[PDB]
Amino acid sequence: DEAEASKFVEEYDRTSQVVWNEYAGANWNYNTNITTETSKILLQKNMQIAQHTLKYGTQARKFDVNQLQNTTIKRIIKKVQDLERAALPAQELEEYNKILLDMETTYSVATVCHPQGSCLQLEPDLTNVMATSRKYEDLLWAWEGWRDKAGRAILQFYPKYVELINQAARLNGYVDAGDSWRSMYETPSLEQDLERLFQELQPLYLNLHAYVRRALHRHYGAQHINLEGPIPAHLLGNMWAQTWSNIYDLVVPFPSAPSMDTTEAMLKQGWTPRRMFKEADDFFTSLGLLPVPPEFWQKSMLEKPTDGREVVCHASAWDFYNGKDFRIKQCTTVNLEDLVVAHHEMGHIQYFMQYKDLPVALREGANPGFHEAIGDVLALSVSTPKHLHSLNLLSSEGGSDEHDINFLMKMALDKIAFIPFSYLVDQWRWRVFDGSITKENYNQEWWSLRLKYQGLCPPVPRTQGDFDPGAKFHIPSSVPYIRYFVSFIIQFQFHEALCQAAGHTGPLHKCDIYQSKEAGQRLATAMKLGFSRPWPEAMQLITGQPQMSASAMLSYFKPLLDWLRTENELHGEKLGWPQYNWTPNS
């Protein structure tokens, strides 16, 4: 009985390594080369892996997990009982794979054109406009155009996607797909825990929002910025206003303490995408962690193709389930944002390598937020003025308080501004999945959350047929998003614990854990667990305690909170958006 269960997981592990490796290879080839051929074979390999999943998942459901004594075997078999999309009947499974593929393809090839003019892709062209234009109308053209061409074209698929992904979830014992996604955290109190963390960060976000709104008022004019209202969503330097770092030049706390633009110095010094990933590899090995294998450098796609191929340019990391082949796919641009993304993706590779000897069912992060967090932790050290100067990307600061507050603002525009966005994406999608939001009010309920959580308003009134969620990668690609909210909270917890392990004293935001073998050992022991234990055990190994907590993130930004409160009080800012119904008159 116990011997039958052990033999089962042994056979599942052997056969899954082969099948999953074959699937990963075919998926890699569509993603690196969107064509009709690679499309069809990807859809074919989907049927091979589904057959395997159904064979073993059906066998796994014959075990009463209640009677199994070994907890590791209990845990694997319980997981194999979830067939995911392979629970669908054959006709629905084919339709679902086709719909996912059609949504991804529609998003990846959408363009925005001038009449009798050029056509712009999202990356790099429209992203560059959002980051660098300071003209209200040119930002509006890019912001509206992308929603017109990407978002509106996803709407035709999305109701059927919702129906099929919910049906698969119900066939695996869940009430809807959002219930299935939340279950990955194995935390009954998840929704309440996340709400409490969100509320703890409101003082920082409200003060940053009010300070940035004032600066936008100065640049874009009083007729276009309501000082008691929400901020127009196209003015924050980013297509989704999810990170605000590209308008640093409009909101510098101390303009008398200017700084080299990192991106500008990288190009002046001939940085290349490969050099960016080599620096990330060196940071991991400086901690005593593992280097990426030689195979990685030969097989990864670290820059957009030059030969015309359509590709998915979205940065991602790939485990091929043989313990030796790991790869990144990134349309890397030489700038600071993509330097951080490169570290993000290398953190995934490190996790793959740390848990490669576990059964494949357990080759995942302690929870999805842990997987997204590892690389971001190291990038916090990389981003310090001290580290950037050692890369010859910044002059020496010298402890200047003005430079220090300027650095904290730059970090806040990335990290604090992202918190409400990362909260609201799946607040919206959980309610689509549970039927609270129907297709009649997809877009209206999205904007109600954009207002409630981020304090933003659309610059152009939305119309019937708009589907602005469709204009954000993770929606058509069906990638859960709450993992990034969790990641952004716990990465500061991990930074604080690793800084303490390395003996750093003084303000947390001055810490750089480069070359700390003690910090590497904390990360490695936790990453080796994979998904073999509830995630509080990995939290305990890294931080010395078992809970998610915003206290580290608050500690990191405390000098900035103090400065923002004094600055906002001086100007009499009304925090929040009491005039929440304001929208642009012109």
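When you see a residue number, it is the position in the sequence shown, counting from 1.
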Checklist outcome for this item: Assert higher mean C-alpha B factor (346-354 or 119-127, deposited values) equals 119-127
Next on the checklist: I need to verify one thing: averaged over C-alpha atoms only, is the B-factor higher for 467-475 or for 93-101?
Outcome noted: 93-101
Item to check | Per the PDB entry, maximal CA B factor within 280, 73, 225, 456 | outcome: 73
Item to check | Deposited CA B-factor, highest of 540, 66, 551, 53 | outcome: 66
Checklist entry - Considering only modelled residues of the same chain, in which third does the CA B-factor of residue 9 rank: lowest, middle or highest? => result middle
Next on the checklist: Could you place residue 430 in the lowest, middle or highest third of its chain by Cα temperature factor, using the values in the record?
Outcome noted: lowest
Checklist entry - By its CA B factor, does residue 230 count among the lowest, middle or highest third of the modelled residues in the chain? => result lowest
Next on the checklist: Sorting by Cα B-factor within the chain, modelled residues only, which third would residue 564 end up in: lowest, middle or highest?
Outcome noted: lowest
Checklist outcome for this item: So, residue 510's CA B-factor, relative to its chain, sits in which third? The middle
